[PDB]
Amino acid sequence: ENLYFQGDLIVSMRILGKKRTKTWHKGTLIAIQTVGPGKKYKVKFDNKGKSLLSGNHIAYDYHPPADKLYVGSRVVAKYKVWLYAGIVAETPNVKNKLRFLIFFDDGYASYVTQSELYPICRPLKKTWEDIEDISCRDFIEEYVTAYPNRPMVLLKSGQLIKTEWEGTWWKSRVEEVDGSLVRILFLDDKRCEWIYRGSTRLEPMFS
Ligand SMILES: CC(C)(C)NC(=O)[C@@H]1Cc2ccccc2CN1
């Protein structure tokens, strides 16, 4: 069937849709289609290109209130600028200086503000199940289900550790810490990366 209304969605509303590039872009919801138990959402992007999308591949073009965001919520967030999908790993608290921690679908982790977040319209029941990379998907499942039990390594600036990159271990140094993230300096390459303190890319977490 062709619908005009479906839950809180209405044909003609402005929305965000996931493109094949895996970045998300503004468009208009031009149709809602049911095929038995299934639903699909036709989006006309602002370049005139059209996609027929599942409801987990559209997001509202507003920032949700704090009380609708949980650990495990499926969101689109500003990725450092593209909009990219992720999972809420932390909500605002004193220890994170009132920010949201996002685990993006590619494994990148970043703190963001409410104004950098958008809610996915029809998330899956197990919100991680549409994470394409299986290693990332399993990590998020474990993290979200185990929460608030979160093993993390306690690290201090100047500390020498081994960090993973491209499947091998590298000599590295902790440059700074920000909440649940650590900025690692790869010593040979002389460049830095922000990494989650519970990541098994930090050899102390792996071992
Ligand atoms: C862009 C980020 C994520 C900082 N990565 C890099 O710049 C990588 C980091 C790295 C680590 C060990 C050995 C070689 C390399 C090459 N550049």
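Heavy-atom basis, side chains included; hydrogens, waters and symmetry copies ignored. Counting starts at 1 for both ligands and their atoms, in listed order. Index from 1, following the sequence.
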Examine the side chains of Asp106 and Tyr84 and answer whether a donor and an acceptor come within less than 3.5 Å of each other. no
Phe186 six-ring face occupied by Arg191 cation (under 6.0 Å, within 45°): no
For atom 1 (C) of ligand 1, is there a protein heavy atom at a distance under 4.0 Å? no
Does the distance from a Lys or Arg side-chain N to an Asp or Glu carboxylate O, for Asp178 and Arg197, drop under 4.0 Å? no
Among protein heavy atoms, which lies nearest atom 7 (O) of ligand 1, and at what distance? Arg191 NE, 3.6 Å
Give a yes-or-no answer on whether the side chains of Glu90 and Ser180 include a donor-acceptor pair shorter than 3.5 Å. yes
Taking 4.0 angstrom as the limit, do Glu193 and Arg201 come out as a salt bridge? yes
Give me the nearest non-hydrogen protein atom to atom 10 (C) of ligand 1 as residue plus atom name, then the distance to 0.1 Å. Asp189 OD2, 3.4 Å
shortest atom 5 (N) of ligand 1-to-protein heavy-atom contact is with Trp165 CH2, 3.5 Å
Please identify which atoms of ligand 1 are closer than 4.0 Å to at least one heavy atom of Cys192. 4 (C)
